[PDB]
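> quick one: initial chain(s) of a complex, as found there:
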Amino acid sequence: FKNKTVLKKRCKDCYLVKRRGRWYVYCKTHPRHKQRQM
Amino acid sequence: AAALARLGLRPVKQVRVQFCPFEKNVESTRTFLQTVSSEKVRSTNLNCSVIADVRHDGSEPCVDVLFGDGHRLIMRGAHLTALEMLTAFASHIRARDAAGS
Amino acid sequence: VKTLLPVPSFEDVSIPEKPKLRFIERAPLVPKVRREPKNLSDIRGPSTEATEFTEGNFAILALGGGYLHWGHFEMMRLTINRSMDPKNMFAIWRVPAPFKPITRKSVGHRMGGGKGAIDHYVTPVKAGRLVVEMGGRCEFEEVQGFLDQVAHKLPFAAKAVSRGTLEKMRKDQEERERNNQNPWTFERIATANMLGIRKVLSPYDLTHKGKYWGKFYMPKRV
Amino acid sequence: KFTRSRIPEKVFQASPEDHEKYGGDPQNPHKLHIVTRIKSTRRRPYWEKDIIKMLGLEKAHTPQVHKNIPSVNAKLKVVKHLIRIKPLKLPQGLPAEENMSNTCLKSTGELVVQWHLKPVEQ
């Protein structure tokens, strides 16, 4: 998880989900793509 | 076919799709045939027969699945969607496979 | 039967011999000796030069006033020359090279003792001016990507535009002024000095009409 | 710099829609204004202070009558933001020597020549 002001999907397997009041990027194929809205 | 190809047809022994194409309630069952008759799904297990039985009796469409364990799944598609039948079919594959192993 | 549509043809378009952006020098050819006043009104208000397309079809529009130093020109040049197709694209400068001298006093010194020495040069830009103009055998979606990337790095509010989006932008502003349901507008009040309001306004507000504040431009103001 | 303000002449050209809204007659202009100061001269330039005095408007909320003529209007325009201008209406005509002492200026701008302080029998 890296904090990001602008969330961007980095591959086709990234999906945007809003959890605990903020947006996240989750990716099972490449966990390094995981992002947290700052 | 992509979602059903991931799971495979390993525990399945036969799949028989019966419908009367001149009737008005066969579209879901014909869509089920399109998905399971795909080369991707069929290539997951070459010992599983996929049979299409066309009829003109006026009977309601049926999908009869025989698993290797000996259990049967009968999905009557007159009032089922192709997605529902494929979801149920996937669920029983996920179960019968565990029982055998 | 998915319906296909015709495609525009750019065969009639010509490409210059040097499509890339030329190099901009830090300082003018001959260095200036006479030191100049700050003259902040060169970035204040609407632009009256380089507001229309000349050769190309696409550009970066300035939505505010500012000064372009040499560091900005290098960012524009390299970013554009790298992202463009020399065969089917071409770009030109719509702003002159830095000519306005900016003095600085040596660090640590007190107020007074005359004026500082010329440090660097800048190019003043007003709101509504085209900074770079592109064209060639290309659509807007092709250049808009890296043009907006450049526009974001400018010291003022900027945005990539085309002959169409610029025209629509201007006609949309005129439409808002006509159908405005508010019976009170900044212009009417200011020009008639209603409420004695000119005691808190500027002489320039008679022409800017509340759309401009310092170097900032407010497009939502009618 | 803050200076006196030149008002464009177009500001004082009434449109047909204005005549409907306010009810004036362009062909029969009113003769006299009713002018009342409703704003302070504090925090206003001295030239505005000076004109308020000339018009006899030093005391707020005190109606003064003035001639509706270009010269007077020129002064009124300088301080238009400090005052309220209404037309003097004469529903029973001008006061005469007999009724000089029985007049009252109503809030509607009508100067009546009889003031009985009685209810209307009608």
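Yes, it's here. Numbers count the residues shown, from 1 in each chain, chains lettered A, B, ... in the order given.

> Tell me which residues are up against the helix or strand where residue D:74 lies.
Per DSSP states H and E: residue D:74 is located in helix D:70-78. For helix D:70-78, the external contacting residues (Cβ atoms under 8 Å, 6 or more residues apart in numbering or on different chains) are D:4, D:7, D:12, D:33, D:35, D:47-48, D:51, D:54-55, D:66, D:83, D:85. Where C-beta positions appear, they are placed from N, C-alpha and C, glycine not excepted.

> Just to be sure, which of the residues you listed are found in strands?
D:33, D:35, D:66, D:83, D:85 (DSSP state E).

> And those residues, which is closest to chain C?
residue D:83 (11.6 Å; Cβ to the nearest Cβ).

> and chain C, which residues reach chain D?
C:191, C:192, C:193, C:194, C:195, C:196, C:198, C:199, C:203 (Cβ under 8 Å from any Cβ of the partner chain).

> What residue in chain C comes nearest to chain D?
Closest point on chain C to chain D, by Cβ to the nearest Cβ, is residue C:193, at 4.0 Å.

> how many other residues sit next to that residue?
Residue C:193 is flanked by 21 other residues according to other Cβ atoms under 10 Å in any protein chain shown.

> you'd agree it is up against residue D:81?
Yes: using Cβ atoms under 8 Å, residue C:193 is in contact with residue D:81, at 7.2 Å.

> So which residue is dead centre in chain D?
residue D:34 (2.6 Å; Cα atoms, centre = their mean).

> And that one, how close does it get to residue D:69?
When Cβ to Cβ, to the nearest Å is the yardstick, residue D:34 and residue D:69 sit 15 Å from each other.

> Pull up the residues of chain D that are close to chain C.
Proximity of chain D to chain C (Cβ under 8 Å from any Cβ) is limited to residues D:1, D:2, D:5, D:7, D:8, D:11, D:44, D:45, D:48, D:81, D:82.

> Which ChimeraX command selects the buried ones in the residues you listed?
Buried residues within the residues of chain D next to chain C, by 16 or more other Cβ atoms under 10 Å in any protein chain shown, are selected in ChimeraX with:
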select /D:5,44,48,81,82
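
> So in terms of bridging, what pairs with residue D:85?
residue D:35 (DSSP bridges).

> The residue in chain D that chain C sits nearest to: what's it in contact with?
For chain D, the residue closest to chain C is residue D:5, as judged by Cβ to the nearest Cβ, at 4.0 Å. Counting by Cβ under 8 Å, 6+ apart, residue D:5 touches C:193, C:198.

> Next, it: phi, psi?
Main-chain torsions, residue D:5, degrees, to the nearest 10: phi -110, psi 130.

> next one is chain E, place it on the structure:
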Amino acid sequence: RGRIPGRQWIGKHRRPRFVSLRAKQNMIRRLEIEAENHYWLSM
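Below, chain E sits with the chains from the block before:
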């Protein structure tokens, strides 16, 4: 916390003032009076 640098209502950094609904209505009320003044000064 939440201090305003220097004096509140002067200088570079100031306490922000906001326009209330009644401040707007007050201004519009005087705009209507002046608009009518314009009319009666036109004839």
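
> so, the neighbour count of residue C:193 revisited with chain E in the model?
So residue C:193, with other Cβ under 10 Å, has 22 neighbours.

> Ok, residue C:130 next?
By other Cβ under 10 Å, neighbour count at residue C:130 equals 25.

> That one and residue C:59 touch, don't they?
Yes: if you go by Cβ under 8 Å, residue C:130 and residue C:59 touch, sitting 4.2 Å apart.

> Can you work out which residues contact both of these two?
In contact with both residue C:130 and residue C:59: C:53, C:94, using Cβ under 8 Å, 6+ apart.

> rewinding a little: does the residue nearest to the centre of chain D touch residue D:86 like I think?
Yes: under the criterion of Cβ under 8 Å, residue D:34 makes contact with residue D:86 at 4.5 Å.

> Quick check: neighbours shared by these two?
Common neighbours of residue D:34 and residue D:86 (Cβ under 8 Å, 6+ apart) are residue D:109.

> Tell me which residue in chain B sits closest to chain E.
Counting by Cβ to the nearest Cβ, chain B gets nearest to chain E through residue B:83 (54.0 Å).

> Now do the helix or strand harbouring that residue: everything it contacts.
Per DSSP H and E: residue B:83 is located in helix B:82-100. Around helix B:82-100, the neighbours that count as contacts under Cβ under 8 Å, 6+ apart are B:3-4, B:7-12, B:27-29, B:31-32, B:35-36, B:63, B:65, B:67-69, B:71, B:73, B:75, B:77.

> Show me which of the residues you listed are buried.
The neighbour-count test (16+ other Cβ under 10 Å) applied to the contacts of helix B:82-100 identifies B:4, B:7-12, B:28-29, B:31-32, B:35-36, B:63, B:65, B:67-68, B:73, B:75, B:77 as buried.

> so what's residue 28 up against?
Picked chain A for this. residue A:13.

> not quite, I wanted chain E
Applying Cβ under 8 Å, 6+ apart, the residues near residue E:28 are residue C:184.

> ok, now which ones touch the closest residue to chain C within chain E?
At 4.8 Å from chain C, residue E:34 is the closest residue in chain E, using Cβ to the nearest Cβ. By Cβ under 8 Å, 6+ apart, the residues touching residue E:34 are C:194, C:195, D:80, D:81.

> Closest to the centroid, which residue in chain A?
With distances taken as Cα atoms, centre = their mean, chain A has residue A:25 as the residue nearest its mean C-alpha position (1.4 Å).

> is it true that that one lies in a strand?
Yes: when DSSP: H, G, I helix; E, B strand; the rest coil is applied, residue A:25 is found to be in a strand.

> need the contact list for residue C:106.
Listed by Cβ under 8 Å, 6+ apart, the contact set of residue C:106 reads C:116, C:117.

> one more chain, chain F:
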Amino acid sequence: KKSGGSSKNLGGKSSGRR
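Adding chain F to what we have so far:
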């Protein structure tokens, strides 16, 4: 406290001619 420079512009102090 660094020592500063000086202005090199002299004269120019005439009053208005009226």
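
> again for the neighbour count of residue C:193, since chain F is there now?
22.

> tally of neighbours for residue 2?
Chain wasn't specified; assuming chain A. Residue A:2, neighbours per other Cβ under 10 Å, totals 10.

> other chain: chain F
By other Cβ under 10 Å, neighbour count at residue F:2 equals 8.

> So it is in contact with residue C:113, correct?
No: if you go by Cβ under 8 Å, residue F:2 and residue C:113 don't touch, sitting 10.4 Å apart.

> anything in contact with each of those two?
Going by Cβ under 8 Å, 6+ apart, no residue sits against residue F:2 while also sitting against residue C:113.

> re the thing from before, just the C-alphas of the helix holding residue B:83, formatted as PDB.
Taking C-alpha atoms only, helix B:82-100 is exported to PDB below (Å, rounded to 0.1, in the frame of the first residue of the first chain):
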ATOM      1  CA  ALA B  82     -28.200 -19.000 -18.700                       C
ATOM      2  CA  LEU B  83     -26.200 -17.300 -15.900                       C
ATOM      3  CA  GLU B  84     -28.200 -19.100 -13.200                       C
ATOM      4  CA  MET B  85     -27.700 -22.500 -14.800                       C
ATOM      5  CA  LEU B  86     -24.000 -21.800 -15.300                       C
ATOM      6  CA  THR B  87     -23.700 -20.600 -11.700                       C
ATOM      7  CA  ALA B  88     -25.400 -23.700 -10.400                       C
ATOM      8  CA  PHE B  89     -23.400 -25.900 -12.700                       C
ATOM      9  CA  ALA B  90     -20.200 -24.300 -11.400                       C
ATOM     10  CA  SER B  91     -21.200 -24.800  -7.800                       C
ATOM     11  CA  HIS B  92     -21.900 -28.500  -8.200                       C
ATOM     12  CA  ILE B  93     -18.500 -29.000 -10.000                       C
ATOM     13  CA  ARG B  94     -16.800 -27.200  -7.100                       C
ATOM     14  CA  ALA B  95     -18.600 -29.700  -4.700                       C
ATOM     15  CA  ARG B  96     -18.500 -33.100  -6.400                       C
ATOM     16  CA  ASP B  97     -14.800 -32.500  -7.100                       C
ATOM     17  CA  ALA B  98     -14.000 -32.300  -3.400                       C
ATOM     18  CA  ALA B  99     -16.000 -35.400  -2.600                       C
ATOM     19  CA  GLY B 100     -14.000 -37.500  -5.000                       C
END
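
> dump the residue contacts of residue C:163.
Residue C:163 is in contact with C:53, C:57, C:58, counting by Cβ under 8 Å, 6+ apart.

> Ignore what I typed, I meant residue B:16.
Per Cβ under 8 Å, 6+ apart, neighbours of residue B:16: B:51, B:53, B:62, B:63, B:64, B:65, B:66.
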